[PDB]
Each structure stands twice: as C-alpha cells, then as structure tokens.
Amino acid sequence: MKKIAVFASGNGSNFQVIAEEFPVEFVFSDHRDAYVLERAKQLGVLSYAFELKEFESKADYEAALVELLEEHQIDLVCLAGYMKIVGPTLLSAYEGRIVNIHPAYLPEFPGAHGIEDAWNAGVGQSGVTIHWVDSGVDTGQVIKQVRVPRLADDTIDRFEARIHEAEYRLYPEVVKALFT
C-alpha cells in the first residue's frame, strides 16, 4: 500500500477530504500560517512547514522537500492546493509520482486562478482536472476530467463552491484507483 503525502498552501479543503478516507503520512505547507495546519492538528496528521524565505534558492527549498519525502518513504505526492511551481529538483526525484488537482477543465484556463479566468470569460461550463505533474505548467497526462456547469443566478462565490464540491468527490475517487 502506497504512503501518501499532501502539499497544501492555503485552506487545505482537499486535504480534509483525502485524510478522512485515506491514511496520510504527513502534510506539507509552504505557509506557516496556512489553515491546512489547523486541520492536520485536528485529524491527528503529521505536518511540516517551511517557507521559501528561509532558503537561499528554490533548489535548496525543494531539496528539503525531497529529503522529507525520502525519510517517510513517500510513494505518491498529492498536490491539494499547492500554489507553487514544481521545480526540476523535486521533479528529478518524484517524476510520475506526483498528482495535482486543478479547478478547470484542462487545458482550458490553466494557472493559479483558473476559476476567475473562467468566470471572467463567460464560458457556460468549466470543470475539474486531476493529472500528473511534469516540467510544464498543467501540461501533464490527464487522469480524470468532469464538467462543471455555470448557472444564471451564479455569483463568483456560488460558482467557486460548485467547483470545490466537484473536487471533494473526484479526488478520493481518483486516488482510490491509484492507491492500489
């Protein structure tokens, strides 16, 4: 059985869902004040945290990540709200072992704010994409994709909530197939 690690930069809502249905070795955050650390404390999940400011370069930053992953014998790294590009240091160690979820029907609206990009565009449907991570930005092999509709009386809050709910149901399903 694979040992799973989770990277979350913010609220860590996806981490909450994963940790409830899958045993998580530990969860990392690039923000020492992220709320995902609070959830880990409540779920009894090990949690590490260090910022980019504490390193000379991004290479040294990702070097600490690799050492941390290798120490816990991590077999799969789930990016659940990790708002940072995966550099070559981390890719060289965990190529084809890193999955990521994206609040957009790739390759439509890639980036950090795929929700706002799709909402400002006026497209009738967005989606949720779970894929592998390579050198490119959101250009990995797609594992699972679903469409998320846009309503008439939809605010940016109502629309964002529909995407996140789609993420909470899709992520455990995809991991369930990859976990074993």
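Residue positions are given as counts along the sequence shown, with the first one as 1.
- When the C-alpha B-factors of 120-128 and 37-45 are averaged, 120-128 comes out higher.
- Just going by the entry, 47-55 versus 141-149 on mean CA temperature factor gives the higher value to 141-149.
- Residue-level inspection of the entry shows that, of 163, 18, 170, 156, 156 has the top Cα B-factor.
- Ranked against the other modelled residues of its chain, the C-alpha B-factor of residue 94 as given in the entry falls in the middle third.
- Sorting the modelled residues of the chain by their CA temperature factor places residue 105 in the middle third.
- Ranked against the other modelled residues of its chain, the C-alpha B-factor of residue 112 as given in the entry falls in the highest third.
- In the PDB entry, residue 30 places in the middle third of its chain by CA B-factor.
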